[PDB]
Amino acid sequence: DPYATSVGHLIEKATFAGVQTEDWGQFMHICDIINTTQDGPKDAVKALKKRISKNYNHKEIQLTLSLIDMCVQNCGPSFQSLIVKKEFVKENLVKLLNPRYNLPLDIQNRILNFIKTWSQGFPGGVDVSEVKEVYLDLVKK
């Protein structure tokens, strides 16, 4: 279970349906944990993947994306490499752009924006070949 792991639980709570705003103090604490534990990055992405997947909640997705954008720029490629994997962007993030989830243009453009930004590559390893194509498709159609 994703929300079971130490850092997994902090994520479940930081993006809980209840909260109506971003607890940036908490998100930071989350990143620091991601950077301390041995498998924090992997375990974190499993929880984020959960929270995101086929979710119809506005704020949960809004908060989760904000939480993602945080880790992306506060944790090395050890994290960035798992978020740009096709298993995440194509089978989770981009799914939300489907009409079925009727999410607002606000959140929609934010999704495209991550794709476009992550497609720009990050410093160091991180292979963005996949998300690079996931972006191109959103542009073509």
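Residue numbers run from 1 along the displayed sequence.
The question of which stretch, 86 to 94 or 44 to 52, has the higher mean Cα B factor is settled in favour of 86 to 94. When 66 to 74 is weighed against 33 to 41, 33 to 41 comes out higher, by mean CA B-factor as recorded in the entry.
Among all modelled residues in its chain, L105 ranks in the middle third by Cα B-factor. Ranked against the other modelled residues of its chain, the C-alpha B-factor of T15 as given in the entry falls in the highest third. Per the PDB record, residue ranking by Cα B-factor puts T117 in the lowest third of the chain.
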